[PDB]
Amino acid sequence: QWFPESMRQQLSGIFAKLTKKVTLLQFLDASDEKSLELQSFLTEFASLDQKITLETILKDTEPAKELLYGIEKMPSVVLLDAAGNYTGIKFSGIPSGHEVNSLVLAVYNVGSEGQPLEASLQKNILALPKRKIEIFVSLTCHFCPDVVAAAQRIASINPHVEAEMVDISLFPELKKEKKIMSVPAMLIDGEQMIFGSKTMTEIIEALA
């Protein structure tokens with residue numbers, strides 16, 4: 001239902017490049033509709049390749065784990081590498097529709113060596129401090145996934161950077177509070193709100 005053969009053909013090409021295992025860990029609230037929707041989406045996504053595993057934990061049954069991953073917004077899924085460690089990559093909401101690009105890229109960067117990158121960028125990425133990036137998106141926003149994938153790639157490389165995709169349409173009170181008028185919007189820690197499309201260099205500069 002979620003993925004047509006047209007898209008499975010595309011994603012099969014990318015998931016052939018996976019050299020390492022990857023775990024998608026959902027924190028499932030059984031009484032919320034969006035959680036069960038996310039489970040359905042992730043179940044079908046995980047069946048696209050053997051190296052992708054879906055693990056399910058019920059919300060409010062593992063407080064130690066929820067602390068460790070910083071599980072606040074719902075619905076929620078986090079990415080773990082082959083060793084079982086938290087990559088810093090999180091999705092708050094369902095990355096369906098056009099955000100499938102973000103989940104695919106995140107899984108690729110965690111499940112492989114990644115694309116070859118300029119050494120100047122590589123050393124700038126490793127040089128960053130402790131950071132928490134929130135990338136606000138809508139499911140129909142065409143320029144959003146590229147910004148999510150750039151931020152979430154930094155998180156995959158640097159162990160202290162964390163990158164959370166947030167479907168802002170699911171959190172209307174946060175939209176008014178932080179004044180998220182356009183999208184993609186990007187919030188680093190608390191502090192700095194950055195609207196519009198951005199490059200890897202610009203994102204690293206705002207994270208410096």
# chains A, B, ... in the order shown; residues from 1 in each chain; ligands from 1
>>> residues_around(residues="residue 70 (chain A)", least_positions_apart="2", cutoff="12 Å", atoms="only C-alpha atoms", output="PDB file with C-alpha atoms, in the first residue's frame")
ATOM      1  CA  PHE A  27       8.193   3.645  20.302  1.00  0.00           C
ATOM      2  CA  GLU A  62      11.217   1.415  28.786  1.00  0.00           C
ATOM      3  CA  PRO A  63      11.923   4.744  30.590  1.00  0.00           C
ATOM      4  CA  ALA A  64      15.710   4.116  30.475  1.00  0.00           C
ATOM      5  CA  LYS A  65      15.606   3.724  26.668  1.00  0.00           C
ATOM      6  CA  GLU A  66      13.278   6.722  26.218  1.00  0.00           C
ATOM      7  CA  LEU A  67      15.766   8.824  28.224  1.00  0.00           C
ATOM      8  CA  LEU A  68      18.674   7.512  26.123  1.00  0.00           C
ATOM      9  CA  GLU A  72       9.456  13.402  23.446  1.00  0.00           C
ATOM     10  CA  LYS A  73       7.325  13.874  20.313  1.00  0.00           C
ATOM     11  CA  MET A  74       5.004  11.178  18.961  1.00  0.00           C
ATOM     12  CA  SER A  76       8.561   8.308  17.024  1.00  0.00           C
ATOM     13  CA  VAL A  77      11.183   6.143  15.353  1.00  0.00           C
ATOM     14  CA  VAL A  78      14.967   6.241  15.830  1.00  0.00           C
ATOM     15  CA  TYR A  86      21.951   5.481  18.703  1.00  0.00           C
ATOM     16  CA  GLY A  88      21.273  10.621  16.592  1.00  0.00           C
ATOM     17  CA  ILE A  89      18.810  10.259  13.690  1.00  0.00           C
ATOM     18  CA  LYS A  90      15.131  10.490  14.631  1.00  0.00           C
ATOM     19  CA  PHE A  91      11.793  10.942  12.862  1.00  0.00           C
ATOM     20  CA  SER A  92       8.907  12.566  14.750  1.00  0.00           C
ATOM     21  CA  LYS A 132      20.517  18.997  18.559  1.00  0.00           C
ATOM     22  CA  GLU A 162      21.546  14.704  16.606  1.00  0.00           C
ATOM     23  CA  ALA A 163      19.076  15.346  13.749  1.00  0.00           C
ATOM     24  CA  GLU A 164      15.292  15.061  14.214  1.00  0.00           C
TER      25      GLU A 164
END
>>> residues_around(residues="residue 38 (chain A)", least_positions_apart="2", cutoff="12 Å", atoms="only C-alpha atoms", output="PDB file with C-alpha atoms, in the first residue's frame")
ATOM      1  CA  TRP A   2       2.741   2.489   1.008  1.00  0.00           C
ATOM      2  CA  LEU A  24      14.618   1.144  13.016  1.00  0.00           C
ATOM      3  CA  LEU A  25      13.290   1.330  16.594  1.00  0.00           C
ATOM      4  CA  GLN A  26       9.707   2.597  16.974  1.00  0.00           C
ATOM      5  CA  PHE A  27       8.193   3.645  20.302  1.00  0.00           C
ATOM      6  CA  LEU A  28       4.598   2.542  19.761  1.00  0.00           C
ATOM      7  CA  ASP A  29       1.583   4.027  21.547  1.00  0.00           C
ATOM      8  CA  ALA A  30      -1.202   1.477  20.892  1.00  0.00           C
ATOM      9  CA  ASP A  32      -2.753   6.614  19.115  1.00  0.00           C
ATOM     10  CA  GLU A  33      -3.769   6.357  15.438  1.00  0.00           C
ATOM     11  CA  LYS A  34      -0.558   7.921  14.070  1.00  0.00           C
ATOM     12  CA  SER A  35       1.606   5.343  15.912  1.00  0.00           C
ATOM     13  CA  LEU A  36      -0.250   2.416  14.296  1.00  0.00           C
ATOM     14  CA  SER A  40       2.294  -0.039   9.102  1.00  0.00           C
ATOM     15  CA  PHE A  41       4.600   2.268   7.117  1.00  0.00           C
ATOM     16  CA  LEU A  42       7.793   0.970   8.799  1.00  0.00           C
ATOM     17  CA  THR A  43       6.758  -2.717   8.558  1.00  0.00           C
ATOM     18  CA  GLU A  44       6.496  -2.398   4.763  1.00  0.00           C
ATOM     19  CA  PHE A  45       9.659  -0.236   4.546  1.00  0.00           C
ATOM     20  CA  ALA A  46      11.715  -2.785   6.538  1.00  0.00           C
ATOM     21  CA  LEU A  54      12.105  -3.011  12.547  1.00  0.00           C
ATOM     22  CA  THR A  56       8.960  -2.266  18.324  1.00  0.00           C
ATOM     23  CA  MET A  74       5.004  11.178  18.961  1.00  0.00           C
ATOM     24  CA  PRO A  75       4.845   9.160  16.847  1.00  0.00           C
ATOM     25  CA  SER A  76       8.561   8.308  17.024  1.00  0.00           C
ATOM     26  CA  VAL A  77      11.183   6.143  15.353  1.00  0.00           C
ATOM     27  CA  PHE A  91      11.793  10.942  12.862  1.00  0.00           C
ATOM     28  CA  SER A  92       8.907  12.566  14.750  1.00  0.00           C
ATOM     29  CA  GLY A  93       5.854  11.798  12.630  1.00  0.00           C
ATOM     30  CA  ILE A  94       5.629   9.520   9.598  1.00  0.00           C
ATOM     31  CA  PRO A  95       8.233  10.177   6.857  1.00  0.00           C
ATOM     32  CA  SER A  96       5.769   9.104   4.126  1.00  0.00           C
TER      33      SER A  96
END
>>> closest_residue(among="A:168, A:147, A:161, A:155", to="residue 194 (chain A)", atoms="only C-alpha atoms")
A:147
>>> closest_residue(among="A:204, A:170, A:148, A:187", to="residue 134 (chain A)", atoms="only C-alpha atoms")
A:187
>>> closest_residue(among="A:166, A:80, A:22, A:193", to="residue 178 (chain A)", atoms="only C-alpha atoms")
A:193
>>> select_by_dssp(residues="region 7-192 of chain A", states="helix (DSSP H, G or I)", output="ChimeraX atom specification")
/A:7-15,33-46,63-69,97-110,119-126,144-157,168-170,172-177
>>> select_by_dssp(residues="chain A", states="strand (DSSP E)", output="PyMOL selection string")
chain A and resi 22-28+52-58+76-80+86-92+131-137+161-167+185-188+192-195
>>> atom_distance(atom1="CA of residue 150 (chain A)", atom2="CA of residue 202 (chain A)")
10.3 Å
>>> residues_around(residues="residue 118 (chain A)", least_positions_apart="5", cutoff="12 Å", atoms="only C-alpha atoms", output="count of residues only")
5
>>> residues_around(residues="residue 140 (chain A)", least_positions_apart="5", cutoff="10 Å", atoms="only C-alpha atoms", output="tab-separated table (two decimals) with N, CA, C and O atoms, in the first residue's frame")
chain	number	residue	atom	x	y	z
A	96	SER	N	6.42	9.67	5.31
A	96	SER	CA	5.77	9.10	4.13
A	96	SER	C	5.75	10.16	3.02
A	96	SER	O	6.22	11.28	3.22
A	97	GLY	N	5.21	9.78	1.86
A	97	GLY	CA	5.12	10.67	0.72
A	97	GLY	C	6.51	11.06	0.25
A	97	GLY	O	7.33	10.19	-0.06
A	98	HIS	N	6.79	12.36	0.26
A	98	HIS	CA	8.06	12.87	-0.24
A	98	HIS	C	9.20	12.74	0.77
A	98	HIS	O	10.37	12.74	0.38
A	99	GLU	N	8.87	12.62	2.06
A	99	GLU	CA	9.88	12.39	3.11
A	99	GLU	C	10.46	10.97	3.14
A	99	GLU	O	11.42	10.72	3.88
>>> closest_residue(among="A:58, A:82, A:152, A:9", to="residue 103 (chain A)", atoms="only C-alpha atoms")
A:152
>>> closest_residue(among="A:190, A:184, A:196, A:111", to="residue 52 (chain A)", atoms="only C-alpha atoms")
A:111
>>> atom_distance(atom1="CA of residue 19 (chain A)", atom2="CA of residue 104 (chain A)")
14.4 Å
>>> atom_distance(atom1="CA of residue 207 (chain A)", atom2="CA of residue 165 (chain A)")
16.5 Å
>>> closest_residue(among="A:31, A:61, A:23, A:50", to="residue 83 (chain A)", atoms="only C-alpha atoms")
A:23
>>> decode(residues="region 150-177 of chain A", atoms="N, CA and C atoms", output="PDB file, in the first residue's frame")
ATOM      1  N   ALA A 150      20.818  16.135   4.713  1.00  0.00           N
ATOM      2  CA  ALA A 150      22.109  16.776   4.983  1.00  0.00           C
ATOM      3  C   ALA A 150      22.392  16.837   6.485  1.00  0.00           C
ATOM      4  N   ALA A 151      21.399  17.289   7.251  1.00  0.00           N
ATOM      5  CA  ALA A 151      21.489  17.329   8.715  1.00  0.00           C
ATOM      6  C   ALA A 151      21.653  15.933   9.318  1.00  0.00           C
ATOM      7  N   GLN A 152      20.850  14.981   8.842  1.00  0.00           N
ATOM      8  CA  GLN A 152      20.918  13.595   9.322  1.00  0.00           C
ATOM      9  C   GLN A 152      22.173  12.841   8.875  1.00  0.00           C
ATOM     10  N   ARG A 153      22.823  13.289   7.798  1.00  0.00           N
ATOM     11  CA  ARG A 153      24.134  12.744   7.421  1.00  0.00           C
ATOM     12  C   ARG A 153      25.228  13.189   8.396  1.00  0.00           C
ATOM     13  N   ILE A 154      25.175  14.446   8.836  1.00  0.00           N
ATOM     14  CA  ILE A 154      26.123  14.960   9.836  1.00  0.00           C
ATOM     15  C   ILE A 154      26.008  14.142  11.125  1.00  0.00           C
ATOM     16  N   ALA A 155      24.773  13.892  11.560  1.00  0.00           N
ATOM     17  CA  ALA A 155      24.493  13.063  12.738  1.00  0.00           C
ATOM     18  C   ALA A 155      25.048  11.641  12.617  1.00  0.00           C
ATOM     19  N   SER A 156      24.980  11.059  11.420  1.00  0.00           N
ATOM     20  CA  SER A 156      25.542   9.722  11.174  1.00  0.00           C
ATOM     21  C   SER A 156      27.071   9.667  11.308  1.00  0.00           C
ATOM     22  N   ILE A 157      27.747  10.770  10.977  1.00  0.00           N
ATOM     23  CA  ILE A 157      29.211  10.856  11.041  1.00  0.00           C
ATOM     24  C   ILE A 157      29.674  11.285  12.436  1.00  0.00           C
ATOM     25  N   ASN A 158      29.224  12.457  12.882  1.00  0.00           N
ATOM     26  CA  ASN A 158      29.613  12.994  14.191  1.00  0.00           C
ATOM     27  C   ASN A 158      28.773  12.341  15.298  1.00  0.00           C
ATOM     28  N   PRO A 159      29.423  11.724  16.314  1.00  0.00           N
ATOM     29  CA  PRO A 159      28.639  11.031  17.352  1.00  0.00           C
ATOM     30  C   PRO A 159      27.850  11.930  18.316  1.00  0.00           C
ATOM     31  N   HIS A 160      28.191  13.218  18.393  1.00  0.00           N
ATOM     32  CA  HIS A 160      27.535  14.151  19.319  1.00  0.00           C
ATOM     33  C   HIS A 160      26.460  15.044  18.679  1.00  0.00           C
ATOM     34  N   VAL A 161      26.300  14.968  17.355  1.00  0.00           N
ATOM     35  CA  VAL A 161      25.243  15.700  16.648  1.00  0.00           C
ATOM     36  C   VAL A 161      24.003  14.812  16.492  1.00  0.00           C
ATOM     37  N   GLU A 162      22.828  15.403  16.713  1.00  0.00           N
ATOM     38  CA  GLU A 162      21.546  14.704  16.606  1.00  0.00           C
ATOM     39  C   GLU A 162      20.617  15.472  15.666  1.00  0.00           C
ATOM     40  N   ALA A 163      19.913  14.746  14.795  1.00  0.00           N
ATOM     41  CA  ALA A 163      19.076  15.346  13.749  1.00  0.00           C
ATOM     42  C   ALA A 163      17.683  14.716  13.727  1.00  0.00           C
ATOM     43  N   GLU A 164      16.675  15.514  14.080  1.00  0.00           N
ATOM     44  CA  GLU A 164      15.292  15.061  14.214  1.00  0.00           C
ATOM     45  C   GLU A 164      14.423  15.677  13.123  1.00  0.00           C
ATOM     46  N   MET A 165      13.883  14.842  12.234  1.00  0.00           N
ATOM     47  CA  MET A 165      12.830  15.284  11.316  1.00  0.00           C
ATOM     48  C   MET A 165      11.541  15.451  12.118  1.00  0.00           C
ATOM     49  N   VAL A 166      10.849  16.569  11.902  1.00  0.00           N
ATOM     50  CA  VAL A 166       9.583  16.855  12.578  1.00  0.00           C
ATOM     51  C   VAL A 166       8.531  17.230  11.536  1.00  0.00           C
ATOM     52  N   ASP A 167       7.507  16.390  11.380  1.00  0.00           N
ATOM     53  CA  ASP A 167       6.346  16.739  10.557  1.00  0.00           C
ATOM     54  C   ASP A 167       5.531  17.782  11.331  1.00  0.00           C
ATOM     55  N   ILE A 168       5.767  19.055  11.010  1.00  0.00           N
ATOM     56  CA  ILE A 168       5.192  20.179  11.764  1.00  0.00           C
ATOM     57  C   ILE A 168       3.660  20.269  11.716  1.00  0.00           C
ATOM     58  N   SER A 169       3.039  19.724  10.669  1.00  0.00           N
ATOM     59  CA  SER A 169       1.572  19.649  10.593  1.00  0.00           C
ATOM     60  C   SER A 169       0.931  18.818  11.720  1.00  0.00           C
ATOM     61  N   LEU A 170       1.688  17.885  12.300  1.00  0.00           N
ATOM     62  CA  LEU A 170       1.227  17.093  13.452  1.00  0.00           C
ATOM     63  C   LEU A 170       1.390  17.775  14.819  1.00  0.00           C
ATOM     64  N   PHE A 171       2.084  18.915  14.871  1.00  0.00           N
ATOM     65  CA  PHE A 171       2.347  19.636  16.125  1.00  0.00           C
ATOM     66  C   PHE A 171       1.957  21.120  15.990  1.00  0.00           C
ATOM     67  N   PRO A 172       0.640  21.406  15.867  1.00  0.00           N
ATOM     68  CA  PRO A 172       0.160  22.774  15.591  1.00  0.00           C
ATOM     69  C   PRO A 172       0.477  23.835  16.657  1.00  0.00           C
ATOM     70  N   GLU A 173       0.533  23.445  17.931  1.00  0.00           N
ATOM     71  CA  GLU A 173       0.858  24.387  19.016  1.00  0.00           C
ATOM     72  C   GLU A 173       2.334  24.792  19.007  1.00  0.00           C
ATOM     73  N   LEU A 174       3.213  23.849  18.670  1.00  0.00           N
ATOM     74  CA  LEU A 174       4.639  24.141  18.468  1.00  0.00           C
ATOM     75  C   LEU A 174       4.872  25.051  17.254  1.00  0.00           C
ATOM     76  N   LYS A 175       4.029  24.914  16.226  1.00  0.00           N
ATOM     77  CA  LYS A 175       4.091  25.769  15.031  1.00  0.00           C
ATOM     78  C   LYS A 175       3.828  27.244  15.358  1.00  0.00           C
ATOM     79  N   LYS A 176       2.807  27.505  16.177  1.00  0.00           N
ATOM     80  CA  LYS A 176       2.492  28.870  16.622  1.00  0.00           C
ATOM     81  C   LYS A 176       3.537  29.402  17.605  1.00  0.00           C
ATOM     82  N   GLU A 177       3.970  28.550  18.536  1.00  0.00           N
ATOM     83  CA  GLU A 177       4.939  28.931  19.574  1.00  0.00           C
ATOM     84  C   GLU A 177       6.265  29.406  18.979  1.00  0.00           C
TER      85      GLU A 177
END
